[PDB]
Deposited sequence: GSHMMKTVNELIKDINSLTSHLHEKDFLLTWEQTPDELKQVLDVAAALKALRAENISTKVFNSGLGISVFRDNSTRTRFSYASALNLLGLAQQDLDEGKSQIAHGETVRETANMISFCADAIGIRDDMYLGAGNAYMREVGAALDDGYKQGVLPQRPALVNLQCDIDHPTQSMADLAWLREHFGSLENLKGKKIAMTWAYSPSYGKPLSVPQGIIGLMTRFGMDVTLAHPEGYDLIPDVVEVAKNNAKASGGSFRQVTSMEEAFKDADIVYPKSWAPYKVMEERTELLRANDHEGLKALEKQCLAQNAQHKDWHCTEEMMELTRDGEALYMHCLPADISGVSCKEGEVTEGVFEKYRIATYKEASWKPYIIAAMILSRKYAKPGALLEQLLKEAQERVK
């Protein structure tokens, strides 16, 4: 609706934001108004797109993809009119940042390395190239996933929660279980669960985190979650069993990850081409994980949630038992029931990424949307 978008624009224009002066790396480094800006902008873009109104903001320009280690970033670039180009390294990051940015209005970085920086160096390098007149524009920087957070996934998940439940206010008092789940694939990043507990705790939700012993998340993020919950009127709890977390839950998000000590050692020999050390590491982790195969989102597990009908969430693809693999994170039956939910959840990501790009490029994204809405250029003829 023109009405829906007009209301979104009034909401956006009323917000105080400085996203135009910084990079959206971690959700917990953004204020509540800034988070709300990205969500509302994403909502306006999705609604415009739904009614065949073009949201093309760039007539030319590149969005670069940099991978330190699938469709959302490319979709977001294309939505705004940018063309994607992939990059086919920590020590040289600064020179590479400038080299790829002459005609780039966005750079998206997916980073798998755990060592206890990279994207902050990229941002400082972009600032330098722009301030010294090397770059005609300062590219927007998109965190497509780092060792600490996965803001693009977490924000899209929150945008979906807000659609599903009707508002952000309606999320207060809702119980969400962020749990581990078994995967045949070792070495999944801790970015997602950290991103979830880091963000959800800011909206007064009752967040329960559950995982087997040894799979602890980074201590600094746990402490952010606890402090977020205090200030937003929510709660944060850590438990040792999946059932514990699932009981009376409104929302379950059962997804595998590797211990961060594993990711560290994987990273070290990944850097050293130690292929044999790898297969040795992989072989062990697969054995550590196999004793927790019972962390499996089954019909029996869902029965314990509120009304036995919690909203099931997971980022796509999921490891579906008997489909994708022999034993995975969720059964065929539970996935079939919630398939449309998980699709709608994923559908928000391109809009969230596009909103992040716009929020860096325009101090007042609400002005830009009103312009797009008034021109009402068709997307398809």
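Gaps in the model relative to the deposited sequence occur at 1 to 3, 73 to 77, 97 to 103, 132 to 134, listed in sequence order.
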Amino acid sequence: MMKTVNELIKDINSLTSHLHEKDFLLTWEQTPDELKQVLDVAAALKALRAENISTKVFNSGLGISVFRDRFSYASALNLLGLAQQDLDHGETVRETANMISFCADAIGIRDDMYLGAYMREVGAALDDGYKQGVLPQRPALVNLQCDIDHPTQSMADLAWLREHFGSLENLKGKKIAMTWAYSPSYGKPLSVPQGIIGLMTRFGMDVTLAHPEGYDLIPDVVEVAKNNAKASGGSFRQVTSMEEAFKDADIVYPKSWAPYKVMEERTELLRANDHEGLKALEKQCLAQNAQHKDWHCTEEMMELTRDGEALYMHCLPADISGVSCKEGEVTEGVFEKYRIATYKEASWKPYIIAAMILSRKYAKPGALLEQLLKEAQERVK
From here on, numbers count along this sequence of modelled residues.
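In this entry, the higher average B-factor at the C-alpha atoms falls on 329 to 337, of the pair 349 to 357 and 329 to 337.
When the C-alpha B-factors of 175 to 183 and 233 to 241 are averaged, 233 to 241 comes out higher.
Taking only the listed residues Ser65, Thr27, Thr55, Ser324, the entry reports the highest CA temperature factor at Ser324. For the set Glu303, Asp206, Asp157, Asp112, the PDB entry puts the maximum C-alpha B factor at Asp112. Among the modelled residues of the chain, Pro151 sits in the lowest third by CA temperature factor in this PDB entry.
Split the chain's modelled residues into thirds by C-alpha temperature factor. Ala367 is in the highest one.
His164: CA B factor lies in the middle third for its chain, per the PDB record. In this PDB entry, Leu316 carries a Cα temperature factor that places it within the highest third of its chain's modelled residues. Among all modelled residues in its chain, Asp250 ranks in the lowest third by Cα B-factor.
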